[PDB]
Amino acid sequence: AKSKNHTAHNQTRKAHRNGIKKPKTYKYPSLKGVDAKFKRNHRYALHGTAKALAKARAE
Amino acid sequence: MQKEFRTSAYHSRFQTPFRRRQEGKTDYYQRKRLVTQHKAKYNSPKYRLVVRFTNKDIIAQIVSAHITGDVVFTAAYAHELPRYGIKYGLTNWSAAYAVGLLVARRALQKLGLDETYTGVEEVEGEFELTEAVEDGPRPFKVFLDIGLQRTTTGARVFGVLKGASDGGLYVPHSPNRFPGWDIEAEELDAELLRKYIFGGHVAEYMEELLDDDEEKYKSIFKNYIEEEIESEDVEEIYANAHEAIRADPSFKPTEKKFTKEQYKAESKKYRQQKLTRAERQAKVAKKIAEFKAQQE
Amino acid sequence: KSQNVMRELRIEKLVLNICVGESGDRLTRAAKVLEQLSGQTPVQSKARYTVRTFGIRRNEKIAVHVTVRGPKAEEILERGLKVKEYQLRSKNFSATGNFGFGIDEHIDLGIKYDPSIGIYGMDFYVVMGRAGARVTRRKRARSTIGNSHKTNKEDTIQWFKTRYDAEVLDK
Amino acid sequence: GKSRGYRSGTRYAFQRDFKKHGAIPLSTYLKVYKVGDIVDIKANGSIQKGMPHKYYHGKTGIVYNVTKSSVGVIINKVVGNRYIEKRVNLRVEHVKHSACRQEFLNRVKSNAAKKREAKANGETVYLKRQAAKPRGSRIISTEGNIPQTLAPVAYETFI
Amino acid sequence: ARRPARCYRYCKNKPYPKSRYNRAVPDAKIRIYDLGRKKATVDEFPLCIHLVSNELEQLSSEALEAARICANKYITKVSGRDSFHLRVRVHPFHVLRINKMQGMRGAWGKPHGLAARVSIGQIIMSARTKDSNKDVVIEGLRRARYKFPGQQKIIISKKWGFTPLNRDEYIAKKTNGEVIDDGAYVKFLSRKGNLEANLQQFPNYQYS
Amino acid sequence: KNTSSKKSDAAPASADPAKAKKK
RNA sequence: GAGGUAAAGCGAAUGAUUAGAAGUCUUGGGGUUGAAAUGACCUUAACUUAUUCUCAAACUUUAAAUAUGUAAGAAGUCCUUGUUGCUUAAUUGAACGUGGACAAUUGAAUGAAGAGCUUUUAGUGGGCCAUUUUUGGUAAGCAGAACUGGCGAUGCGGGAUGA
RNA sequence: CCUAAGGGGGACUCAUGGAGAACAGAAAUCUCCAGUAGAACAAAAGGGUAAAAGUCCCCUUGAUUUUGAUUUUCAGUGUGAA
RNA sequence: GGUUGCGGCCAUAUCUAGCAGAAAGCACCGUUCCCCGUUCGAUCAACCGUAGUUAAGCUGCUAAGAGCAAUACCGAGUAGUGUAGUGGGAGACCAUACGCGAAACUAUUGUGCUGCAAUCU
Ligand SMILES: [Mg+2]
Ligand SMILES: [Mg+2]
Ligand SMILES: [Mg+2]
Ligand SMILES: [Mg+2]
Ligand SMILES: [Mg+2]
Ligand SMILES: [Mg+2]
Ligand SMILES: [Mg+2]
Ligand SMILES: [Mg+2]
Ligand SMILES: [Mg+2]
Ligand SMILES: [Mg+2]
Ligand SMILES: [Mg+2]
Ligand SMILES: [Mg+2]
Ligand SMILES: [Mg+2]
Ligand SMILES: [Mg+2]
Ligand SMILES: [Mg+2]
Ligand SMILES: [Mg+2]
Ligand SMILES: [Mg+2]
Ligand SMILES: [Mg+2]
Ligand SMILES: [Mg+2]
Ligand SMILES: [Mg+2]
Ligand SMILES: [Mg+2]
Ligand SMILES: [Mg+2]
Ligand SMILES: [Mg+2]
Ligand SMILES: [Mg+2]
Ligand SMILES: [Mg+2]
Ligand SMILES: [Mg+2]
Ligand SMILES: [Mg+2]
Ligand SMILES: [Mg+2]
Ligand SMILES: [Mg+2]
Ligand SMILES: [Mg+2]
Ligand SMILES: [Mg+2]
Ligand SMILES: [Mg+2]
Ligand SMILES: [Mg+2]
Ligand SMILES: [Mg+2]
Ligand SMILES: [Mg+2]
Ligand SMILES: [Mg+2]
Ligand SMILES: [Mg+2]
Ligand SMILES: [Mg+2]
Ligand SMILES: [Mg+2]
Ligand SMILES: [Mg+2]
Ligand SMILES: [Mg+2]
Ligand SMILES: [Mg+2]
Ligand SMILES: [Mg+2]
Ligand SMILES: [Mg+2]
Ligand SMILES: [Mg+2]
Ligand SMILES: [Mg+2]
Ligand SMILES: [Mg+2]
Ligand SMILES: [Mg+2]
Ligand SMILES: [Mg+2]
Ligand SMILES: [Mg+2]
Ligand SMILES: [Mg+2]
Ligand SMILES: [Mg+2]
Ligand SMILES: [Mg+2]
Ligand SMILES: [Mg+2]
Ligand SMILES: [Mg+2]
Ligand SMILES: [Mg+2]
Ligand SMILES: [Mg+2]
Ligand SMILES: [Mg+2]
Ligand SMILES: [Mg+2]
Ligand SMILES: [Mg+2]
Ligand SMILES: [Mg+2]
Ligand SMILES: [Mg+2]
Ligand SMILES: [Mg+2]
Ligand SMILES: [Mg+2]
Ligand SMILES: [Mg+2]
Ligand SMILES: [Mg+2]
Ligand SMILES: [Mg+2]
Ligand SMILES: [Mg+2]
Ligand SMILES: [Mg+2]
Ligand SMILES: [Mg+2]
Ligand SMILES: [Mg+2]
Ligand SMILES: [Mg+2]
Ligand SMILES: [Mg+2]
């Protein structure tokens, strides 16, 4: 039979009708993939930090 | 008829090694393995025990590496030993032990870990590592850097190793390179190691040589002869020296007979200085004219 | 100064080679001869590759050689120069200042003959050098030797003629 | 037969620089990377562990993870009509701090220094950058520089 | 056997030279590029005449051989075999391909011949001779022009023979001792490098 | 006893270049 | 920041490649001077040295244009000191924080019928053409890629006529 | 295809050229010097590698266990591989 | 300023050939009982600093040096290229317009800088 093999023609037209959008930025990135040893300890540091601020305001 | 090899293209495409590798002084493979620190400890440095031997001196330094260059923490030289009571044999295995003990004590003095981490106060030659104190700061950790010097059981670098370990520094190591290690029966004969710590091999050489060749004893052991120092009181030379090293391990610089400026002015008088462009142009013109006499 | 004490020529090493073309008993007896002459256990060299014309194969133990230094080297060298009746050629000296010769029977050196051992020829090479060659052989700070301190053919020839009262031909 | 392996087409990208092969200078191993640092990515062909894919060679990103010998870098890659967040683990031999931070962080300091000085002097200062503007008027002196007249030159052959 | 040259006139493909990738390549028809008195010194033949291409084009090795033969024959017949030094300045390094020797499936061709890829202003043939032999050498090249496709110009060089110096700079460098013979070519003095070797090579160097 | 060790790397040599007859 | 294409280069590596010149104790040969000495001479051919003509998609020191990654702040910068079982010899750091200072030129331009987000579903999944880059082929109104713009899906004015 | 051709450590430095040594010659073995890699790294090719990643020696099983995260192809599914 | 130890950048530091080097340092250098490694105390190990030497290493200087580095009324606004026209030319290709813009070449200049510690006429 034999047909068209490949072409990227018209593909940039389609990507730019509604896309080519930069990703949104957030204040807190996800910690997925961050070192488990750091992540394990970072849990304890944040928990203790919340307690200290809670007591200071309770005063 | 062979091709001349050293062409201009050979020099053009030649890639020169690192300056201190071409000097044959730094093993950068070993240096990379020693220096590189866990990236999650960020700015905490690794400390090296640099041990270098010259023909006359033993240099022991505690070094941390930085981008602008290495930075010395403390340093003990073998030529500091006469202050502590060792005047001859400044390259013994025992002089190496003394230099290691001195650098360990001096570093601990600089840090403040003197009363804590005293070390092995009663040297019996047993293998031992500086153990941490519970509910206290960990011992100063240092890694041994022997440079290009070969690792052999009995080498002098491990004398500094044992001294630094006995001085209170935590230096990770094994005893199978100490003098007195039986490779067949994998245990350390601590008696022979203790013998080596207090100059026992040198004293035994003095005793064995004296009754077999008095003339050679007179030439090899001159300094001992004019000081009337025999073999039996060698150990005391070290045993006292140890105590003195622990009493005041602080660095006392040599009083300088001249100031820095006077030294610089004296040295600046010698060593030729480069010719001006005009001078060498005149030299070229003279050489051209003086070449005219071989025109045939 | 060209007349410096440390510029003194003297022998670095003497290397004794017997390249018996085969492996087995004959090579073993050549090794026995070398261990007898030098007093040190010699080392056997293996063929780097296979040649059918020479009857050798790769990694077949072909030759045996030994290196001697010090007074024993001097004694063996003069013992071999006696066999050569103290007469080498100019062509026997390399451009790097080393020289060599080859004896044809090892009983001419002055050792006992055994019918089991037989006679082997032998190859002598002497490596000359002044003091300070350790610079090129030490591990740390290895460097090269300056041109004046280098050993060359003329200095070695003159030193050999002076020290042995021998003749260096050039046929 | 098509070939599309991991390092296909990287013959020159992953080459060492001319007369720069061999051992890595140790400032590479002494640099300190913190989470949030901006780093350029350039694969070193002589270190094959922790090596980036050929896509990230020449890309710049944010460090998000720091491990024993490596950093995790966040890259935004175009996949069709949007960006996908990519998290690449790279040994520090293939990483260098981005020099774009140091220019902007200095302009922040310069703006802060200039503002307090004008505040100290009780005057005002304008800190917004400006593009190059058309040049002003000027007077050209002709003492020693009387105009020299040029003409187009005739055609010549020089072979 | 051989197709008409019109099938291979234009540089449509990338250069396809002999390599480890194409090995069954025939030889170029032209093998000799220097003719006449090629051992003559530079001073013997001051006049240089070029045949220059006014086309970005491909010239077959067959055409190169034919034009070389035509020019050589004419100039040696009219002025003698020792009155000139002819040099062919283009080497055919590009391999042409032929397909038939089904249809378009697997149509990658086999080596068929060799051609030189020339640009505009590129010299094809150079002839160094004496001035009095100008009109001969020109007529030798103009006939050779007929063996080539496209447009060529016969241009008299401003330079002395095959040297890169003009006919006035060569005389200046000659009376100053800055030129020495090297057989058919010359070597020029350098003010860089070992002074002694430079002085030895040019004894007649009037230094200033 | 002892034997010379292979300082070279020509593992699959088994012959040598330059070694041409008639030369 | 990245790149290795255009160009350029080959008295720069690799590979190809024209011509002489001067030299050397494996010169490769012919005639020799030689009674024979390998020890000269005439010669051609090898190499070496400094040169010479011409080249490379799967060569290259150098090296564009176009195109490409990141940044240009309030989620910023600086100061002090809280948390942890992580880290340091440590009172060192790491991360997250309390408190304080820097106010509209809050840190380039230009624009912005506003930005962001979600669900669901149609048709389509034969393409073709023009400029430029470009592969196979002698070429093709041939076959195949790159970017963009078009025709398809589109009338209108021009090209007589014509996707 | 590989119990090493995997892993760690150590020592050494390959292709090749020149000058020399009985048999020995173009090619056997020995010596020095030169030697930016012109070698070798199972195999196609490209990249990478010199106090090594090459050659030789010593010790070994990390060619092991639990599963997560990530990169490539990508629909950001699988598989393979990392 | 010299020197050593450890370095950063990694030839302005390399390569070749000459010449010079006070002090200290470094080095060569002397020895083999001991730990240790070798065919060989040559390398490696250990001992002495005692018998000697700056001959070499190292350092500095010299060279119309090779190489390397930097600069430019050098070449050259050339080659190439983004964009444009119902421009030229049968074509191959070329000119013009708004922009970007090399490499080779030529000339000149330079030939390590520097951090920590110790030491020295
Ligand atoms: Mg079909
Ligand atoms: Mg289809
Ligand atoms: Mg849009
Ligand atoms: Mg370098
Ligand atoms: Mg090591
Ligand atoms: Mg045989
Ligand atoms: Mg195929
Ligand atoms: Mg393919
Ligand atoms: Mg690159
Ligand atoms: Mg791997
Ligand atoms: Mg303001
Ligand atoms: Mg084509
Ligand atoms: Mg023909
Ligand atoms: Mg069919
Ligand atoms: Mg024509
Ligand atoms: Mg091999
Ligand atoms: Mg074989
Ligand atoms: Mg490419
Ligand atoms: Mg090109
Ligand atoms: Mg080109
Ligand atoms: Mg070029
Ligand atoms: Mg070339
Ligand atoms: Mg050249
Ligand atoms: Mg050059
Ligand atoms: Mg070539
Ligand atoms: Mg000659
Ligand atoms: Mg003849
Ligand atoms: Mg440049
Ligand atoms: Mg570049
Ligand atoms: Mg660019
Ligand atoms: Mg505080
Ligand atoms: Mg706050
Ligand atoms: Mg701006
Ligand atoms: Mg739908
Ligand atoms: Mg849909
Ligand atoms: Mg659908
Ligand atoms: Mg549907
Ligand atoms: Mg169709
Ligand atoms: Mg359909
Ligand atoms: Mg269009
Ligand atoms: Mg057009
Ligand atoms: Mg088509
Ligand atoms: Mg069709
Ligand atoms: Mg349709
Ligand atoms: Mg329309
Ligand atoms: Mg109409
Ligand atoms: Mg119409
Ligand atoms: Mg019409
Ligand atoms: Mg391996
Ligand atoms: Mg292994
Ligand atoms: Mg291994
Ligand atoms: Mg190793
Ligand atoms: Mg080479
Ligand atoms: Mg497995
Ligand atoms: Mg996958
Ligand atoms: Mg798949
Ligand atoms: Mg996917
Ligand atoms: Mg996936
Ligand atoms: Mg998967
Ligand atoms: Mg000064
Ligand atoms: Mg001195
Ligand atoms: Mg010795
Ligand atoms: Mg030693
Ligand atoms: Mg000296
Ligand atoms: Mg000297
Ligand atoms: Mg120069
Ligand atoms: Mg210069
Ligand atoms: Mg254009
Ligand atoms: Mg463009
Ligand atoms: Mg156009
Ligand atoms: Mg018109
Ligand atoms: Mg223009
Ligand atoms: Mg220099």
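Quick note: the coordinates plus some simple rules give every number you see, no bench work behind them. Here the Cβ is made from the backbone with ideal geometry for all residues, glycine too, and neighbour counts use every protein chain on show.
Observations on the model:
- Euclidean distance of C-alpha centroids, the range B:34-104 and the range D:79-99, integer Å: 42 Å
- Rg and Dmax, both from the Cα atoms of the range B:44-169 and both in Å, are 14.2, 45.
- If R0 is 56 Å, the Cβ-Cβ spacing of E:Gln151 and D:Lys128 corresponds to a FRET efficiency of close to 0.35.
- Reachable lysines, given that their alpha-carbon falls under 22 Å from the alpha-carbon of D:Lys42 and they are not under 8 places away in the same chain: B:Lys32, B:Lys39, D:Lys19, D:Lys20, D:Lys31, D:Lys34, D:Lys54, D:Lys59, D:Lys68, D:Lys77, D:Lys86, D:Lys96
- For the range E:167-199, the list of chymotrypsin sites (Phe, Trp or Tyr not before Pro) that fall in a loop by DSSP and count at most 16 other C-beta atoms within 10 angstrom reads E:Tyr185.
- Computed over neighbours whose Cβ is under 12 Å from that of E:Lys100, the net charge equals +3, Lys and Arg +1, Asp and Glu -1.
- Principal semi-axes of the equivalent ellipsoid, √(5λ) from the alpha carbon gyration tensor of chain D, are 45, 33, 18 Å from largest down.
- Total formal charge among the other residues, if their Cβ is under 9 angstrom from that of D:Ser98, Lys/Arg +1 and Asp/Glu -1: 0
- Sequence-ordered 3J(HN,Hα) estimates for the range B:136-144 from the Karplus curve with 6.51, -1.76 and 1.60 and θ = phi - 60° stand at x, x, 6, x, 4, 8, 9, 10, 7 Hz, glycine and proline given as x.
- Note on chain B: with a GNM built from Cα contacts shorter than 10 Å, the maximum mean-square fluctuation among B:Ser250, B:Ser174, B:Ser219 falls on B:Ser219.
- Listed cross-link partners B:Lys25/D:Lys49; A:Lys39/D:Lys128; C:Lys13/F:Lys21 are compared with a 32 Å cut-off, the Cα-Cα value being larger for A:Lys39/D:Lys128; C:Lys13/F:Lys21.
- Cβ-placed point charges (K, R +1; D, E -1), dipole of the protein assembly as shown about Cα centre in debye, nearest 20: 10540 debye
- Estimated FRET transfer efficiency (C:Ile145, C:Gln36; beta-carbon r; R0 30 Å; 0.05): 0.25
- Its Cα gyration tensor gives the range B:1-51 an equivalent ellipsoid, and the semi-axes of that ellipsoid, as √(5λ) in whole Å with the largest first, are 39, 13, 8.
- Within chain A, the proportion of C-alpha pairs whose separation exceeds 19 Å stands at 67%.
- For the residues C:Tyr113, C:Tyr125, C:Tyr49, a GNM of chain C with alpha-carbon springs under 10 Å puts the largest fluctuation on C:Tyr49.
- Taking θ as phi - 60° and the Karplus parameters 6.51, -1.76 and 1.60, the scalar couplings of the range E:148-155 work out to 10, x, x, 9, 10, 10, 9, 10 Hz in sequence order, x denoting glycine and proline.
- Sum of side-chain charges, E:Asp82 neighbourhood, beta-carbon under 12 Å (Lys, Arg +1; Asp, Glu -1): +4
- Cross-link partners of B:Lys287 among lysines, defined as those whose alpha carbon lies under 16 angstrom from its own and excluding same-chain residues fewer than eight positions apart: E:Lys192.
- Across chain C, Cα pairs under 8 Å and at least six residues apart give a relative contact order of 27 percent.
- Converting phi to 3J(HN,Hα) with the Karplus coefficients 6.51, -1.76 and 1.60 and the offset θ = phi - 60°, the range E:172-186 yields 5, 6, 7, 6, 9, x, 9, 10, 10, 6, 9, x, 7, 10, 10 Hz in sequence order, with x at every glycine or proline.
- Kirkwood-based Rg to Rh ratio, chain E, C-alpha trace: 1.09
- B:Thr54 paired with E:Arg142, simple spin-label distance in nm, labels 7 Å along Cα-to-beta-carbon: 8.8 nm
- The GNM of chain B, with springs linking C-alpha atoms under 10 angstrom apart, assigns the highest mean-square fluctuation among B:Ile59, B:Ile146, B:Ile225 to B:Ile225.
- q = 0.09 Å⁻¹, the protein assembly as shown: log10 I(q)/I(0) [Debye, one scatterer per Cα]: -1.39
- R0 of 35 Å, Cβ-Cβ distance D:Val78-D:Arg11: FRET efficiency to nearest 0.05: 0.90
- Where chymotrypsin sites (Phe, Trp or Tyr not before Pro) fall in DSSP loop in the range E:1-89, at most 16 other Cβ within 10 Å: E:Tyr10, E:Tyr21, E:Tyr33
- Dipole magnitude of chain D about its Cα centre (Cβ charges: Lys, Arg +1; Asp, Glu -1), debye to nearest 20: 900 debye
- For the range D:5-82, the set of chymotrypsin sites (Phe, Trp or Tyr not before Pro) satisfying both a DSSP loop assignment and a count of at most 14 other C-beta atoms within 10 Å is given as D:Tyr6, D:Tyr12, D:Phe18, D:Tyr55.
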